[PDB]
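Residue numbers (the deposited numbering), protein chains in the order written: chain B, 1 to 89; chain Q, 22 to 260; chain L, 39 to 119.
Here a beta-carbon is modelled for each residue, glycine too, at the ideal position from N, C-alpha and C.
Each remark here refers to the structure printed beneath this line.
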Amino acid sequence: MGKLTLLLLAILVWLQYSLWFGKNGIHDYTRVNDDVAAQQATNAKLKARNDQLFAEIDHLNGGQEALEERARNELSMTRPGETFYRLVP
Amino acid sequence: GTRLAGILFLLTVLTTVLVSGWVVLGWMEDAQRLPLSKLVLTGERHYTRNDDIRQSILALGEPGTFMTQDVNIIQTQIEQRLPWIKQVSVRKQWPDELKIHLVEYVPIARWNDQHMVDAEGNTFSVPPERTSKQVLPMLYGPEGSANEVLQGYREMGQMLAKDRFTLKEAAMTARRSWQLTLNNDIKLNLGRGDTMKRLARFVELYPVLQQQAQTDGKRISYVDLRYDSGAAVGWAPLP
Amino acid sequence: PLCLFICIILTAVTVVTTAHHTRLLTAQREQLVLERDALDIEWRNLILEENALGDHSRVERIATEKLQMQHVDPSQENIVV
């Protein structure tokens, strides 16, 4: 009678609890998914940070647009035939 | 006497249903087996043409019918052949009728002389004959960063448009350096640093750059802005 | 009844589907830690290569190699805001 129903009813109740908690359950999937999302978001910025620097390193060892800017921005030296203007507040 | 009427009244109506159902079946069996040679293009089409959808749907090498055609295979084939379409929605209607809904990309700039980019940052390609009439800015940059250069174009463009300038080209390098091109081929060689404050310096410096260029009868070739509160200007003879 | 018995089946399958997908994310979370360590080490060696190439004594050495001259104060037009 009701014992046959109460048996399979309590099994589904305990089976629900093991789905939410425990190992690799719902909350484990939720917490790990949040961590994996934040890591690949950070690794995307780091990879862009490394690629942007590697691109300049490519133009540093006798390149073009990474050595002339350092000559202009840091050493204030120009090219011949270029009128140099200076802005003062 | 009355039951014979009710029998005949029911049998005749029964006969009229089957006979009418037989010719209706004949109407629906000799019509549902057709290659749906019709086509309805409902949408704002500016680049795609009526012959483009027809030629692309028959490029599969098979004239599909009604019950023997998957719309998911048609919408994908339209996507694989028309890069300027954003959303394809091909649907079947009746025995010999089709419905294809198309949505195109609205180009606001040109990406690497061969592609285009819209406002939402999406990239696509259009043949040069269907877009040569458009006067659009030409954005350059490394692959995958069309939206980033678009953010720079707007920010540098809104400031430049304040003092009635026209930003024609905006190029970015893999190391994130900018080199703008204005009207009359005025190359603004920007740098990797504070780009907006270098560009704002050229705006304040320009009234003096032009009044000196007319003194010697020279043309502004390029204005290098890779300094701190400074700028080197190259010249060229005017034609 | 035999109606709730099938919910056990639907839940047991959900457990396997949830556990299988979770152990895949754990293997990827560990791989992202190894990727970040490789990026940082790559980042460290890159900023060291920048100084050996961005050295002013080396920058000025090659700047004058392609016809560049230091800024001269007399030929420097000044403009006030």
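(1) Which residues in chain B have a C-beta closer than 7 Å to the C-beta of residue 116/L? List them in chain order.
(2) Throw me the rounded Cβ distance for the residue 177/Q and residue 216/Q pair, which I believe falls under 8 Å.
(3) Thinking just about the alpha-carbon of each residue, which of 89/B, 1/B, 84/B, 53/B is nearest to the one in residue 106/L?
(4) Consider the Cβ of residue 229/Q: report whether some Cβ of chain L lies at a distance smaller than 7 Å.
(5) Check residue 202/Q in the structure and name its three-state DSSP category.
(6) Return the first residue and the last residue of the alpha helix (DSSP H) that residue 177/Q is part of.
(7) Can you round the beta-carbon distance between residue 203/Q and residue 246/Q to whole angstroms, since I take them to be within the 8 Å contact cut?
(8) Here's a check: name, in chain order, each residue in its chain whose Cβ is nearer than 8 Å to the Cβ of residue 253/Q, leaving out the five neighbours to either side.
(9) For the stretch 65-78 of chain B, enumerate the residues whose C-beta is nearer than 7 Å to any C-beta of chain Q, in chain order.
(10) Just list the residues that DSSP pairs residue 116/L with in beta bridges.
(11) Looking at chain L, is there any beta carbon in it that lies within less than 7 Å of the beta carbon of residue 13/B?
(12) Secondary structure at residue 143/Q, three-state DSSP: helix, strand or coil?
(13) Which chain Q residues are close to residue 55/B, counting only those with a beta carbon under 9 Å from its beta carbon?
(14) Please classify residue 113/L: is it buried, with 16 or more other beta-carbons within 10 angstroms of its beta-carbon, or exposed?
(15) What span of residues does the alpha helix (DSSP H) with residue 18/B cover, start to end?
(16) In chain B, what lies closer than 8 Å to residue 225/Q by C-beta?
(17) Which residues in chain B have a C-beta closer than 8 Å to the C-beta of residue 119/L? List them in chain order.
(18) Figure out for me which residue from 71/L, 55/L, 87/L, 75/L has the closest Cα to the Cα of residue 60/B.
(19) Please confirm whether residue 42/L has its beta-carbon closer than 7 Å to some beta-carbon of chain B.
(20) Going by Cα to Cα distance, which pick from 115/Q, 44/Q, 197/Q, 183/Q is closest to residue 54/B?
(21) Against chain Q, does residue 83/B count as a neighbour if the rule is that its beta carbon must be under 7 Å from one of theirs?
(22) Taking 7 Å as the threshold (beta carbon to beta carbon), is residue 238/Q in contact with chain B?
(23) If you draw a straight line from the alpha carbon of residue 82/Q to that of residue 98/Q, how long is it in whole angstroms?
This is what the structure gives:
(1) 86, 88
(2) 7 Å
(3) 84/B
(4) By this cut-off, residue 229/Q is an interface position.
(5) strand
(6) 167-183
(7) Not quite, the Cβ-Cβ distance comes to about 12 Å (not below 8 Å), so this is no contact.
(8) 244, 245
(9) 65, 66, 69, 72, 73, 76, 78
(10) Checking the DSSP bridge columns, you'll see residue 116/L partnered with 86/B.
(11) Not an interface residue.
(12) Three-state result, residue 143/Q: coil.
(13) 163, 194, 195, 196, 197
(14) Taking a 10 Å sphere around the C-beta of residue 113/L, we find fewer than 16 other C-beta atoms and assign the residue as exposed.
(15) 2-20
(16) 87
(17) 87, 88, 89
(18) 87/L
(19) With 7 Å as the cut-off, residue 42/L counts as an interface residue toward chain B.
(20) The candidate whose alpha carbon is nearest that of residue 54/B is 197/Q.
(21) Yes, its Cβ sits closer than 7 Å to a Cβ of chain Q.
(22) no
(23) 12 Å
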